[PDB]
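Same protein, same chain, two forms; see structure 1 and structure 2 below, as structure tokens.
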Structure 1
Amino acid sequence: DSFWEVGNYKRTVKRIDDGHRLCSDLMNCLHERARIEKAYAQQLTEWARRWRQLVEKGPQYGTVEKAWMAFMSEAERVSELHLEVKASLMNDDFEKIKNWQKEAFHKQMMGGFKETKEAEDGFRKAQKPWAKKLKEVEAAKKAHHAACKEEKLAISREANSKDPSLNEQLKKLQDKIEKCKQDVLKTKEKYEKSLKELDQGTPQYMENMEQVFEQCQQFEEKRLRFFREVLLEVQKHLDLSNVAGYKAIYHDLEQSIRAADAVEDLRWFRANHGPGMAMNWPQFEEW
């Protein structure tokens, strides 16, 4: 249940497979955002294309037609602006994480990552002496839970011994007890002797596990620091107020709307479609 138990390092070795996994989960996350931005872009271009044709063809004209059109232009700047978020998310961040994942993790010909197997190996190897001593100890204690039982049972047999049927039979009982009692004694010493060695062994074993562990942390710290550095970059690319000309799109929009002059427009109609027009007052044609 705890890290020091044999093989309970399985977790810190898994963190490295998780390490790779997360480089993809993050790429996918960005990748999907990218499509969202380009979709909105696409929609905006479409809208402006649609409405450019409709305003040209329709009956709105003049400086109020200009103001209307202004709006399909701002859609076109916004479209370009979100389109290059896709561009930044994709060309840069995604590829940064992809290249990092190539340089940090390495698939091997018959398995997983070199990294994973290396941590998995240094762990096995720093745990090996001490796990050996452990099996030694457990076997010994079991051989001491065995002698104990048999001795106790020979002793019960003496209880059965106080049967009026016989009595070579008792002597055997006493001798059996003596040896069993003695054998309990030896197995005892063996066991506690092996337990001692395990304790000394343990300070040394403890050193080797931490050596291995602290370079698992190290590698992991690299991935964490990268996530940090890169997410700070991602957020710049998302921020459109980080763009110089964003503000200008709106300033230009405003300017175009302001220009629309109702009167300039009214004077254009009078002269081109109204009373302001040239007329050939009827004349007398001979012939």
Structure 2
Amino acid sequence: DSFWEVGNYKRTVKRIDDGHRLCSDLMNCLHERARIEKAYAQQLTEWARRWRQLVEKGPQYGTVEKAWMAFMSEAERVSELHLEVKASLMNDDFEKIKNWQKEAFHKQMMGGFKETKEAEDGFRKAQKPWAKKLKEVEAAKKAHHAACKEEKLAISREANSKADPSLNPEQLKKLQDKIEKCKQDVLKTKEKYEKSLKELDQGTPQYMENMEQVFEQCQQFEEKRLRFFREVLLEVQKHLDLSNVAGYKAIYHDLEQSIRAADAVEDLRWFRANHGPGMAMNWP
């Protein structure tokens, strides 16, 4: 089963479809990654909505409160970033691939892709001849191998009959000339076989040349996809990369500052003035 075996070009043709399917796989892949990012963002948001509420209603006041409260903002900000990845993966990468797909494969009226049919017929036309001059070069192989086994009979039937009491000038003759319609026949086919075999090696270079034709045509098509894949993945890479986004760092620089603004004393001074000895008192 080598590429040259009549009809083994099927693998090359199979690749045109694999191409379209790989396009869909990659879309699903990026889509799944998008749903995941969105899920993380949504959770961070729920957490932020939930704890901003709980902290506000709880007995925590002052700068320590704000400090605590800054994390809800941090959570919400991270969420946004991840929704940007989701957006990028979807509106950019996903749509890009979806369009490349529709622009590279076209439906055949009957069903299937034109570029696949185009390659299928190309390989047929290019192999049609060499194959014909093989179906017979294969049939002339049986006509011979059927004699090189039919000859072992005229020699076998004359050895089994050579030892029998019911022999006659006739029965003994119906085995004599048979070793001719075989011996002189085997050579008769030994030429049929040997001929077409050389009647094939004179068209073999032509056959290879035509197959290279169609094949190169397929490599050109595959090349466009392989290259398109590299371009796309490089963009998806930059989309997922939050490790270099200055905006991401800003979130935490801001977070810290808030946490530092936390001034205990001031919070205590407040409590003394609004709930402690510092309050006004109209004595008796």
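Take the two forms, find the largest set of C-alpha atoms that superpose within 1.5 Å, and that set is the rigid core. Here, residue number means position along structure 1's sequence, counting from 1.
Of the listed residues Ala244, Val263, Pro203, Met109, the one positioned at a hinge between rigid parts between structure 1 and structure 2 is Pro203; the rest lie more than 12 positions from any hinge.
Treated as two rigid bodies, the chain between structure 1 and structure 2 differs by a rotation of the smaller body against the larger of 8 degrees. The two forms line up on their rigid core, and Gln60 then has its Cα shifted by 0.3 Å between structure 1 and structure 2. Note on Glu151: its Cα is shifted 5.5 Å between structure 1 and structure 2, core used for superposition.
A C-alpha shift of 1.5 Å is found for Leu198 between structure 1 and structure 2, based on superposition of the rigid core.
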